[PDB]
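J.: Pasting a structure here, questions to come.
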Amino acid sequence: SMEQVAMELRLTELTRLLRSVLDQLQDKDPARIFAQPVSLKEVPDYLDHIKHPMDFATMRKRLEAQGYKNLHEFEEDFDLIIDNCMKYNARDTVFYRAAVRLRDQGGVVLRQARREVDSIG
C-alpha cells in the first residue's frame, strides 16, 4: 500500500535525524567510555548488577535496522547508558563523572531533537 510506504518514509527520515542525534551525543564522550558494550570477559559480574546493558555501538546497530519507532525509544537507550554507569561505578570515578558530563551535554541536544521531531512530524 501507498500508506505503508509513506509510514516507511517517515521512519527513514526519523532514522536520519536520530543518526545525527547519535553522532552529536557520542561526540560528548571523547574518552570513548560508552562506545562499546561493557566486556563480560573483563567485568564478569556485570550482569549481576546491570540488567539491561547499553552502549553506543549497540544503539547504532538498532538504529541502522530502523529499530527506533520514535524518539522516546532512542532516549530510553541513551538513558540506560548513563544510568547503568552511575549505578555500577562510584561517584569518585572517571566512569561516573563521564556519565554525568554526557547526561548534561546530551540534554541540550535532545531538547532540540524533540522540537524537530514534533515540528517536522
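In the C-alpha cells, chains take letters A, B, ... by order of appearance, with residues numbered from 1 within each chain and ligands from 1 in the order shown.
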Extract, using only C-alpha atoms, all DNA, RNA and protein residues at most 12 Å from region 87-94 of chain A, discarding same-chain residues fewer than 2 positions from it, and format them as a list in words.

T.: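 Selected residues are residues 29, 31, 32, 33, 38, 43, 45, 46, 47, 48, 49, 50, 51, 53, 80, 81, 82, 83, 84, 85, 96, 97, 98, 99, 100 and 101 of chain A.
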
J.: With N, CA, C and O atoms retained, write the just-selected residues as a compact mmCIF listing (two decimals), in the first residue's frame.

T.:
```txt
# COMPACT_ATOMS: atom_id res chain seq x y z
N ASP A 29 31.42 12.26 24.36
CA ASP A 29 32.13 11.14 25.02
C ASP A 29 33.45 10.96 24.33
O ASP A 29 33.75 9.96 23.70
N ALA A 31 36.38 10.42 25.47
CA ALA A 31 37.15 9.28 26.02
C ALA A 31 36.72 7.90 25.46
O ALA A 31 37.43 6.91 25.61
N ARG A 32 35.59 7.84 24.75
CA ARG A 32 35.03 6.60 24.24
C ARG A 32 34.69 5.56 25.32
O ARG A 32 34.69 4.36 25.09
N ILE A 33 34.31 6.07 26.48
CA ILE A 33 33.92 5.21 27.61
C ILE A 33 32.65 4.42 27.30
O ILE A 33 32.52 3.23 27.70
N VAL A 38 30.08 -3.00 27.81
CA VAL A 38 30.94 -3.44 28.90
C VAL A 38 31.29 -4.94 28.67
O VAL A 38 30.42 -5.81 28.44
N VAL A 43 34.62 -7.71 33.06
CA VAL A 43 33.75 -7.42 34.21
C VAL A 43 32.75 -8.57 34.32
O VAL A 43 31.58 -8.48 33.91
N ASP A 45 31.09 -10.04 36.63
CA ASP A 45 29.88 -9.88 37.48
C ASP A 45 28.88 -8.84 36.92
O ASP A 45 27.87 -8.60 37.58
N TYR A 46 29.15 -8.29 35.73
CA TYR A 46 28.39 -7.06 35.32
C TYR A 46 26.87 -7.31 35.30
O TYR A 46 26.09 -6.46 35.75
N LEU A 47 26.45 -8.46 34.76
CA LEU A 47 25.04 -8.74 34.60
C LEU A 47 24.33 -9.06 35.92
O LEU A 47 23.13 -9.04 35.93
N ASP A 48 25.07 -9.32 36.98
CA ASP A 48 24.50 -9.40 38.30
C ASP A 48 24.04 -8.04 38.79
O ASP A 48 23.16 -7.92 39.65
N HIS A 49 24.68 -6.99 38.28
CA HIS A 49 24.42 -5.63 38.68
C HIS A 49 23.44 -4.95 37.75
O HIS A 49 22.47 -4.24 38.20
N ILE A 50 23.72 -5.04 36.49
CA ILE A 50 23.02 -4.27 35.42
C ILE A 50 22.22 -5.26 34.56
O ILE A 50 22.75 -6.15 33.88
N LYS A 51 20.90 -5.07 34.60
CA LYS A 51 20.02 -5.96 33.90
C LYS A 51 19.82 -5.69 32.42
O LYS A 51 19.42 -6.61 31.69
N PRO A 53 22.16 -3.84 29.90
CA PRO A 53 23.35 -3.12 29.39
C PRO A 53 23.06 -2.35 28.08
O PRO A 53 22.13 -2.72 27.30
N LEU A 80 19.82 4.54 29.50
CA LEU A 80 20.40 3.30 30.02
C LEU A 80 21.90 3.39 30.09
O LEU A 80 22.52 2.96 31.08
N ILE A 81 22.49 3.96 29.04
CA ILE A 81 23.96 4.09 29.03
C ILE A 81 24.43 4.84 30.28
O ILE A 81 25.35 4.37 31.05
N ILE A 82 23.78 5.99 30.53
CA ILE A 82 24.13 6.89 31.63
C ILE A 82 23.81 6.23 32.96
O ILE A 82 24.63 6.22 33.92
N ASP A 83 22.56 5.76 33.07
CA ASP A 83 22.08 5.29 34.36
C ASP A 83 22.77 4.03 34.81
O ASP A 83 23.02 3.87 36.01
N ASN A 84 23.07 3.13 33.91
CA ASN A 84 23.82 1.89 34.20
C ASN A 84 25.18 2.26 34.83
O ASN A 84 25.60 1.76 35.84
N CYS A 85 25.83 3.24 34.22
CA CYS A 85 27.22 3.61 34.62
C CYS A 85 27.20 4.26 35.99
O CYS A 85 28.12 4.04 36.79
N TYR A 96 31.87 7.34 36.26
CA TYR A 96 30.67 8.05 36.73
C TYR A 96 30.67 9.48 36.25
O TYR A 96 29.64 10.01 35.77
N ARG A 97 31.83 10.14 36.42
CA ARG A 97 31.95 11.55 36.03
C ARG A 97 31.72 11.73 34.55
O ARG A 97 31.11 12.73 34.11
N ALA A 98 32.19 10.77 33.77
CA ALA A 98 31.98 10.80 32.30
C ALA A 98 30.49 10.74 31.97
O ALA A 98 30.00 11.43 31.04
N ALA A 99 29.77 9.91 32.71
CA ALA A 99 28.34 9.78 32.52
C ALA A 99 27.60 11.07 32.86
O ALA A 99 26.65 11.49 32.16
N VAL A 100 27.99 11.72 33.96
CA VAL A 100 27.34 12.94 34.36
C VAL A 100 27.53 13.98 33.21
O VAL A 100 26.55 14.70 32.87
N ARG A 101 28.75 14.10 32.71
CA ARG A 101 29.05 15.08 31.67
C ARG A 101 28.30 14.79 30.35
O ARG A 101 27.74 15.74 29.73
```

J.: Hey, what's within 12 Å of residue 75 (chain A) if we count only C-alpha atoms and toss same-chain stuff fewer than 4 positions away? As number ranges by chain, please?

T.: A: 18, 21-22, 25, 54, 56, 59, 68-71, 79-83, 103, 106-107, 109-111, 113-114

J.: Identify which of the residues A:41, A:28, A:10, A:52 lies closest to residue 104 (chain A), counting only C-alpha atoms when measuring atom-to-atom distances.

T.: A:28

J.: Quick one: of A:17, A:63, A:11, A:57, who's nearest to residue 112 (chain A), counting only C-alpha atoms?

T.: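 Closest candidate: A:17.
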
J.: Per DSSP on the backbone, what are the alpha helix (DSSP H) residues of region 10-118 of chain A, as a PyMOL selection string?

T.: chain A and resi 10-27+46-49+56-64+71-88+94-118

J.: From the list A:77, A:8, A:23, A:42, which residue is nearest residue 58 (chain A) when using only C-alpha atoms?

T.: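 Result for the nearest residue to residue 58 (chain A): A:77.
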
J.: Taking only C-alpha atoms into account, which of A:78, A:13, A:6, A:121 comes nearest residue 35 (chain A)?

T.: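 The closest residue to residue 35 (chain A) is A:78.
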
J.: Identify which of the residues A:102, A:65, A:86, A:120 lies closest to residue 15 (chain A), counting only C-alpha atoms when measuring atom-to-atom distances.

T.: A:65
